[PDB]
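Inside the fold
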Amino acid sequence: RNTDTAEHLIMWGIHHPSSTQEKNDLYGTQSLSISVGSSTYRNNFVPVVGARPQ
Amino acid sequence: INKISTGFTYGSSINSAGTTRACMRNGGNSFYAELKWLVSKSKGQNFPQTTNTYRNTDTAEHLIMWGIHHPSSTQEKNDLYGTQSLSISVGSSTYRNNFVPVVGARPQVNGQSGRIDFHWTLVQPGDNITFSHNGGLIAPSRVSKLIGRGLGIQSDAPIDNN
Amino acid sequence: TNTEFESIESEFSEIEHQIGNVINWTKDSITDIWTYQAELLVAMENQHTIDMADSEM
Ligand SMILES: *[C@@H]1O[C@H](CO)[C@@H](O)[C@H](O)[C@H]1NC(C)=O
Ligand SMILES: *[C@@H]1O[C@H](CO)[C@@H](O)[C@H](O)[C@H]1NC(C)=O
């Protein structure tokens with residue numbers, strides 16, 4: 001909630017695990033999801049795993 | 001424009017025998033010159049999960065391009081790739097994205113009923129890119145490379161060499 | 001001044017509608033600047049030629 005007399009700026013992030021051995025330990029075995037909703041903004045994201053570089 | 005071969009190799013259950021009537025070479029049976037339309041070897045068996053990586057050893061930047069295929073009916077996708085939920089991801093040290101096949105009733109066009117959408121990214125010297133997929137990947141077999149500078153002109157008129 | 005330009009507008013076009021409008025606005029503004037600049041420049045130089053030649057006489 002914002003109780004100030006001026007606009008703010010809020011930042012967050014999402015985690016992309018690099019291997020299936022990671023997500024099942026850190027977060028669980030279910031299908032992860034996230035949704036963000038204000039009175040002016042609305043969006044959705046999903047984690048996805050896969051082999052990647054070093 | 002110049003070229004360098006991918007060097008990619010695929011297993012016994014992966015092939016590139018798919019052909020489309022919409023492209024004109026020696027009666028019609030053919031596909032693009034430098035992309036491979038992967039499909040399963042046997043009928044009724046799923047596409048295996050495979051990881052593929054590419055290395056850049058040249059002293060200049062490249063341009064790697066690939067595509068993804070959208071079926072147009074549930075009766076189609078299971079034969080080509082399998083019954084599982086397909087998904088592919090691409091990651092370099094500077095790029096990150098994900099795609100998913102989807103199917104639905106669609107119109108008719110000069111070639112078959114279906115669509116494929118292409119994607120591309122730049123690769124830096126000493127940098128690698130990796131492809132993780134289990135179906136739907138129109139995997140390239142030869143990659144492009146751009147050098148120098150030119151001048152693009154877009155018109156319609158006879159040419160004069162004098 | 002040998003500045004070389006390159007195309008930004010696709011003649012066989014399939015463009016968006018916002019960025020297309022932004023590119024359209026600047027082209028007319030600069031085109032009007034050139035048309036207004038050029039017309040006054042020539043009309044302005046003609047005044048000197050008539051005045052200068054009359055003075056040499
Ligand atoms: C790409 O793989 C090669 C393999 O020899 C390695 O030396 C190089 O560091 C890798 N590049 C990146 C950007 O990870
Ligand atoms: C921009 O100008 C072009 C050329 O006159 C015109 O065809 C087009 O409708 C205009 N508006 C756009 C591209 O949004």
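Residues numbered from 1 in each chain as written, not as in the entry; some residues may be left out. Chains lettered and ligands numbered in written order. Part of a larger assembly, values for the part shown. Heavy atoms only, no water.

Its PDB record attributes the structure to cryo-EM, giving the resolution as 3.96 Å.

Structural notes on the interface of chain A and chain B
Counting residues at the interface gives seven residues for chain A and nine residues for chain B. A combined buried area of about 600 Å² lies between chain A and chain B, and 60% of that area is made up of carbon and sulfur atoms. Summed over the three residues of chain A that lose the most area to chain B, namely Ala51, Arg52 and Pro53 of chain A, the buried surface amounts to 65% of that side. For the pair chain A and chain B, the number of links is zero salt bridges. At the boundary of chain A with chain B, the tally comes to zero residue pairs in polar contact. The class makeup of the residues in the side of chain A that touches chain B is four nonpolar, two polar and one charged. (Contact = heavy atoms within 4.5 Å. Buried area = accessible area lost by both parts, 1.4 Å probe. Salt bridge = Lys/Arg side-chain N within 4 Å of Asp/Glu carboxyl O. Polar contact = N/O pair within 3.5 Å; in protein donor to acceptor, adjacent residues only side chain to side chain. Nonpolar A, V, L, I, M, F, W, Y, C, P; charged D, E, K, R; others polar.)

A word on the pairing of strand β11 (residues 137–140) of chain B
Consecutive side chains of a regular strand alternate in pointing toward one face of the sheet and then the other. Residues and elements named next belong to chain B. The alternating pattern of β11 places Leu137 and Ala139 and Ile138 and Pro140 on opposite faces, both of which are buried. Relative to β11, strand β3 (residues 35–37) runs antiparallel, the two being bridged by three bridges. Within β11, the residue paired with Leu35 across the bridge is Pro140. Of the strand pairs in this sheet, strand β6 (residues 62–70) and β11 are connected by two bridges, and their pairing is antiparallel. Counted as the bridge partner of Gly67 is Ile138 from β11. (Buried < 20%, exposed > 50% of the residue type's maximum accessible area, 1.4 Å probe, protein only. Helix = DSSP H or I, 4+ residues; strand = E, 2+ residues; numbered from the N terminus. Pairing = 2+ DSSP bridges.)

With respect to the side chain of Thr20 of chain B
Residues and elements named next belong to chain B. With respect to the secondary-structure elements, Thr20 resides in the loop between β2 (14–15) and β3. For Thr20, a relative accessible area of 8% puts it in the buried group. Filtering out sequence-adjacent residues up to four positions away, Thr20 remains in contact with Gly28, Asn29, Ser30, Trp37 and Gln112.

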